[PDB]
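Participant: here's a sequence, model it:
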Amino acid sequence: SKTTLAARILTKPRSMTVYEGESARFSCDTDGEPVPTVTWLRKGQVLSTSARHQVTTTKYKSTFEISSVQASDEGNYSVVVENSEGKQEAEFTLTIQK
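Facilitator: Numbering: from 1, shown residues only. Shown next is the structure:
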């Protein structure tokens with residue numbers, strides 16, 4: 001934080017519920033200095049495109065979309081967005097019933 005910011009999720013990613021990897025898209029706008037950071041995780045070994053999920057990020061706003069789930073991604077998923085000194089997060093359940 002060259003100036004004096006940190007990490008604050010201006011907006012988080014809503015939740016959803018599908019039978020598998022239909023096409024649920026999400027996005028959380030997080031600000032911070034010089035740039036914030038987003039780490040999706042809850043119970044799927046770092047959501048970070050592990051293999052069944054596919055996340056991504058830009059600068060002050062990350063995004064997570066699911067369409068590859070197999071049979072162990074469960075629903076409840078979250079995102080601990082933080083930065084050089086901030087430490088915030090968000091939550092949303094993305095189930096994949098069958």
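Participant: list the residues that contact residue 10.
Facilitator: Residue 10 makes contact with 29, 30, 31, 60, 61 under the criterion CB atoms under 8 Å, 6 or more residues apart in numbering. To be clear about C-beta, it is placed using only N, CA and C from the backbone, and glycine gets the same treatment.
Participant: let's see that with 10 Å instead.
Facilitator: The contact partners of residue 10, taken as CB atoms under 10 Å, 6 or more residues apart in numbering, are 28, 29, 30, 31, 36, 60, 61, 81, 88.
Participant: hey, what's the first one bridged with?
Facilitator: Beta-bridge partners recorded for residue 28 (DSSP bridges): residue 62.
Participant: biggest separation within the contacts of residue 10, which pair?
Facilitator: Considering CB to CB, no two members of those lie farther apart than 61 and 88, which are separated by 13.5 Å.
Participant: common neighbours of those two, please.
Facilitator: Residues within reach of residue 61 and of residue 88 at once, by CB under 10 Å, 6+ apart, are 9, 10, 28, 30, 36, 81.
Participant: of those residues, just say which sits nearest to residue 97.
Facilitator: Of all those, residue 97 sits closest to residue 28, with 24.1 Å by CB to CB.
Participant: please name the bridge partners of residue 18.
Facilitator: Residue 18 has these beta-bridge partners by DSSP bridges: residue 96.
Participant: tell me the contacts of the closest residue to residue 89 other than its chain neighbours?
Facilitator: In space, not counting the residues next to it along the chain, residue 89 is nearest to residue 80; the distance is 4.1 Å by CB to CB, 6 or more residues apart in numbering. Applying CB under 10 Å, 6+ apart, we find residue 80 in contact with 7, 9, 37-42, 87-91.
Participant: apply 8 Å and report the result again.
Facilitator: Applying CB under 8 Å, 6+ apart, the residues near residue 80 are 39, 41, 87, 88, 89.
Participant: again, but for residue 51
Facilitator: Taking CB under 8 Å, 6+ apart as the contact definition, residue 51 lies against residue 68.
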